[PDB]
Structure formats: C-alpha cells, structure tokens
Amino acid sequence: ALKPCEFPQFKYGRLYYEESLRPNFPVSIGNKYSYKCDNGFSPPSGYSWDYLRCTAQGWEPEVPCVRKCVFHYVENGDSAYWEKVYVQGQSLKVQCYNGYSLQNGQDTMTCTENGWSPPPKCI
C-alpha cells in the first residue's frame, strides 16, 4: 500500500501521542490522527481538538492550528452567557449600546492572526 504521508510537524500544535506514533510514519491515505493546538490557537473547526487527515494532497488541514478568538464579554455592549469560540478569518456583529460603537461602520469584529479586530470594546 502506498505510504505518502510523513510524520506531520506544524506550528502551534501537535498530534496527541507523538512518541507512540512518530515511528509509524509514513502512513497511507485515509489514516487520521487526533491533534491539539497551543493555548490561543485552535483547529479550524473551533473544537478543542480535531483530526489531521492523510489525503491525496498530503496532510489536511494545510495549517492545522490557527488563531482562536473567544467571544464572551463586550464593554458597553451585549455580552454572551458562555464562551463562543471563533477562529482566524471568522467575524461577527457586536451589539453596542447608547451611541457607543466599534468605530468601523458595521460594529463587526474579525478574528485575525493577532486576536479580535477591533477589540470587543464599544467606545
């Protein structure tokens, strides 16, 4: 069987069980391995862990761990009741109060490589 996927090493995270598994590589298309990301980062799905999949295009995702932005508290705005995870590239509309705003027309925040932009502070 073809074994085209080498031991996956990527930024801001790692496979679980890296030492029981590293010698098993390379592996075949269809195999998958659980992984986690560093604090402040997340799989694109926004879950606490996810699968790295050996595909015909190599490992997917290409960038397994991306910036994580948590939505919860908004100063002078509407806060949520529990922490909602967002990932790099996602955006939401924040509800500001009493003539305060995020100063970007639509009161939208985007999860960027360096966190929320602008921050969840209505001014």
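Residue indices: 1-based, along the sequence shown.
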(message) When the Cα temperature factors in the entry are averaged, is it 80 to 88 or 45 to 53 that ends up higher?
(response) 80 to 88
(request) Compare the mean C-alpha B-factor of 23 to 31 with that of 59 to 67 as given in the PDB entry, and name the stretch with the higher value. (result) 23 to 31
(message) Per the entry's values, where does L15 land by CA temperature factor relative to the rest of its chain, in the lowest, middle or highest third?
(response) lowest
(request) Could you tell me which third, lowest, middle or highest, the C-alpha B-factor of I123 occupies within its chain? (result) highest
